[PDB]
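Q: need a 3D model of the following:
(5 chains)
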Amino acid sequence: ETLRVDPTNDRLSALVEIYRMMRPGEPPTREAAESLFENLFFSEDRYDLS
Amino acid sequence: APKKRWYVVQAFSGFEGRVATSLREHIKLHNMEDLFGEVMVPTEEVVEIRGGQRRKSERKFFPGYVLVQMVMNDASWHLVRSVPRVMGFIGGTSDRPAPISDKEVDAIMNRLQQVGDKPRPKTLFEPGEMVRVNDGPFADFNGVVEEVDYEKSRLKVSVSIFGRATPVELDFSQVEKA
Amino acid sequence: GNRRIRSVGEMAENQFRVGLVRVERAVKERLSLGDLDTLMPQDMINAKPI
DNA sequence: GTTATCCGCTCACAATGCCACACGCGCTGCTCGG
DNA sequence: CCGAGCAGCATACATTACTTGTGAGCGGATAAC
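A: Numbering: from 1, shown residues only, chains lettered A, B, ... in the order given. You can find the structure just below:
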């Protein structure tokens, strides 16, 4: 059901979707969205699980 | 031939010059010495060489803003925005900037030329306003500016001397409030 | 089993790290703009924010 | 297709009275200053 | 050369943070002619 409602189809479309969601109104590039998602997690500094 | 149209960025209160320095440093980082060609922060100088504030003072055309000559590409967009302390762009809808038009460009250019050619004393006096005198010979007098002058800069001022009003040439440094 | 206590040392080091990351940003930008080898690591950082 | 219909989405907007006490209340690098 | 005032600065950022309970306007799905 989720994959049905899932509008996107590709990984880069996932990056741009999450990027727009995080802060609307910004020019979504590959590097911008990719670094944003790699900073939301997968970053020793911007994140830690204690 | 896509020319690098000028653009403007909103800085903080008093970091405009430092923001421009750091922006040139980010240019030298990303080697974008082509796209981010010119970056300018205009200013002015009021030269009142007496009465507290001494010998000069620096103003700005419009504070909080900085002027650049970038181009339009998302990479350069971030490179402008990925600098120490700037707010967003100043123009069209956010994420889609707009250029300061060439008419305004040459206008501000002429203003910059005029302020760069002639360092000129501002904070002038308007004809018909009362004012005290800080002159030696005429200490603690007060009269009305009967006629103002700029290049001669000597303030034709009427004041009560031997009864009836008389015009005097008390220079700027010998002029008190207003 | 899900509610843990947080003592004084833990919160103190938390606030310390918070006050430390901002001086980290400051010293990073000052190392960027500033000279590479002329300094002494005693003024690019300020004890004021800590 | 369109025109009206409806249902989930997001935001505004309320949270008892007193009393007492305590603590604090910008700043900061630019600007006026010698 | 540093001490004493100032002007407009979410400190530049990622700050940030579970349910609170209720009404009300609103935008995308929906039945009908």
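Q: center of chain C - which residue?
A: In chain C, the centroid-proximal residue (CA atoms, centre = their mean) is residue C:20; its distance is 1.6 Å.
Q: isn't that one up against residue C:46?
A: No: Residue C:20 is beyond contact range of residue C:46, at 11.9 Å (criterion: CB atoms under 8 Å). Backbone N, C-alpha and C define where each C-beta goes, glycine included.
Q: does the residue nearest to the centre of chain C sit in a helix, a strand or a coil?
A: helix (DSSP: H, G, I helix; E, B strand; the rest coil).
Q: neighbours of whichever residue of chain A sits closest to DNA strand E, how many?
A: When distances are taken as CB to the nearest atom of the strand, chain A reaches nearest to DNA strand E at residue A:23, 5.8 Å away. Residues near residue A:23, counting by other CB atoms under 10 Å in any protein chain shown, number 8.
Q: quick one: contacts for it?
A: By CB atoms under 8 Å, 6 or more residues apart in numbering or on different chains, residue A:23 lies in contact with nothing.
Q: DNA strand E contacts on chain A?
A: A:23, A:46 (CB under 7 Å from any atom of the strand).
Q: so where do the helices sit in chain A?
A: A:2-5, A:11-22, A:30-40 (DSSP state H).
Q: quick check: the residue in chain B that DNA strand E sits nearest to vs residue C:24, distance?
A: Per CB to the nearest atom of the strand, residue B:85 is where chain B lies closest to DNA strand E, at 3.2 Å. Distance from residue B:85 to residue C:24, counting by CB to CB, to the nearest Å: 16 Å.
Q: which residue, other than its chain neighbours, is closest to the residue nearest to the centre of chain C?
A: Closest residue to residue C:20 apart from its sequence neighbours, by CB to CB, 6 or more residues apart in numbering or on different chains: residue C:50 at 6.6 Å.
Q: hmm, that neighbour is touching residue C:23, no?
A: Yes: under the criterion of CB under 8 Å, residue C:50 makes contact with residue C:23 at 6.2 Å.
Q: can you give me the helices in chain B?
A: Using DSSP H, helices in chain B cover B:16-30, B:74-81, B:102-117.
Q: could those go into TSV alongside mean neighbour count?
A: TSV is the format used below for the helices of chain B (neighbours: other CB atoms under 10 Å in any protein chain shown):
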stretch	mean neighbour count
helix B:16-30	17
helix B:74-81	18
helix B:102-117	12
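Q: can you tell which of the ones you listed is closest to residue A:12?
A: For the helices of chain B, proximity to residue A:12 was assessed by CB to CB; helix B:74-81 is nearest, at 14.2 Å.
Q: residue B:141: neighbour count?
A: 19.
Q: DNA strand D contacts on chain C?
A: When proximity is defined as CB under 7 Å from any atom of the strand, chain C approaches DNA strand D at residue C:48.
Q: spell out which residues of chain A are next to chain B.
A: By CB under 8 Å from any CB of the partner chain, the residues of chain A that approach chain B are A:25-27, A:29, A:31-32.
Q: quick one: buried residues of stretch C:18-31?
A: For stretch C:18-31, the neighbour count (16 or more other CB atoms under 10 Å in any protein chain shown) marks C:23, C:26-27, C:29-30 as buried.
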